[PDB]
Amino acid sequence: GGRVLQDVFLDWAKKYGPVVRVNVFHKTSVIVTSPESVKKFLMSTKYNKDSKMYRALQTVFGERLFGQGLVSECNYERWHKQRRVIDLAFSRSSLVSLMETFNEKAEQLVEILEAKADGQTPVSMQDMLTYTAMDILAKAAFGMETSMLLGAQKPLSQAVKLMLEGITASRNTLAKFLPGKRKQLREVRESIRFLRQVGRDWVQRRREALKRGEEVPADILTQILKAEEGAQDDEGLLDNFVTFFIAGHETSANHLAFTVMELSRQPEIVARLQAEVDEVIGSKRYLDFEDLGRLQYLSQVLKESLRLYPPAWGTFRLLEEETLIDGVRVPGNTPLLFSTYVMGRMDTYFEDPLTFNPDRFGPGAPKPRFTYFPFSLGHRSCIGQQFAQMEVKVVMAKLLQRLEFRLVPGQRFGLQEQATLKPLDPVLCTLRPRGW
């Protein structure tokens, strides 16, 4: 069964009102599920991330993973310094110029799949979408080619896989430390060091090029380095390398996987997606930036996919002074937990919440008001939002143009939780070419 901790929180939120104490963490924390509260705490620089919660990202099993990178830096000043600089890499011109990378990798994904489109060969969409998102990220952020889509870098994607399973366990055990052997523990440490070392090398390869007076176009890497000029160590730079290395591919992959998974049982939705893709791009191969804006219906489908299946389920702020929240006195020094997964599944905020219905986001439908935030909100919202929404439309658009998917019998629709929420089963499918 693929219930996650988020599902328990949901149960408790429906039953116990909009402020609920939990005791699964470092502390009595409080899960906060009223829209007004979401607005209050997220939409204000006055509230900041809980350093105690994000320590699980800082280091893992004694090994430095995300450090004080852009996600896990809780101190506002130190965080604003990083964010000002790194923001330059996500300008509109910065993103428009990634379209070629997004197209190249999307195209390459589809060809690999058309090569397997006999209707018998089982293919892990979760693996495939992961390879694609990784190849996009490496090229787009770091100027490097991983070619996982071409069977390359098996150790790299092994290190990522273990690091992530490692995060799952780093939360837990829990009496389960006698059974789950030292093998897993040191493999995770190995993996985490593998990742930092890839960072060291790609920082090297980059510095080498600049030293030969070579011309390097402005980059996420360019901006992470610049955020680090003056530092005694490269250690704050590696934090940011690893953060972007994982954040910039894993959750885009989960989102793609959930979308393909859910679409496999929504034939009407699929037909309408096909109809839209036919009129916007036809059978043309490259999608321009202007084309993405016109995939209106595809936007709604993805928004709806993020409402039921948000990979990044929420966030935590620290409540420093005792405050009254929805009629409940909550003491100072208390961690607040926000969940877009929880709120998206409450019939209080969404009629018939288990029905996948993209019309909820149709033009003219009032936007959800603090009941939906798959990219978080306020100052600590996702820097990579537009980047993600772009690449995901590029991939999904191409799949829809050329392929049809059928989920392999015995594949489940349920969730697991690693660093993020993702499908429990890979998304094993057989494929045919569109029109069969």
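Residue numbers here begin at 1 and follow the sequence given. Throughout, rigid core stands for the largest set of C-alpha atoms superposing within 1.5 Å between the two forms.
Relative to the shown model and aligned on the rigid core, the C-alphas in 8 other deposited structures of this protein deviate most, among 215-223 and 120-128, for 215-223. Averaged as a root mean square over residues and superposed structures in 8 other deposited structures of this protein, CA distances to the shown form are larger in 160-168; the pair compared was 244-252 and 160-168 with a core fit. Across the other compared structures of the same protein with both neighbouring residues present, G2 lacks coordinates in at least a third. In at least a third of the other compared PDB entries of this protein that cover both flanking sides, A175 is left without coordinates. For the segment pair 23-31 and 397-405, the entry gives 23-31 the higher mean B-factor, averaged over Cα atoms. Here the stretch with the larger average CA B-factor, out of 137-145 and 275-283, is 275-283. Note on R317, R294, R360, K81: the highest value goes to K81, judged by CA B factor as recorded. The PDB entry gives the largest Cα B-factor of the residues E304, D219, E114, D352 to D219. Placement of the Cα temperature factor of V328 within the chain: highest third of the modelled residues, per the deposited record. For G151, the recorded CA B-factor ranks within the middle third of the chain. Only modelled residues enter the ranking. When the modelled residues of the chain are ordered by C-alpha B-factor, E268 sits in the middle third.
The deposited CA B-factor of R380 belongs to the lowest third of values across its chain. Sort the modelled residues of the chain by CA B factor and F61 lands in the highest third.
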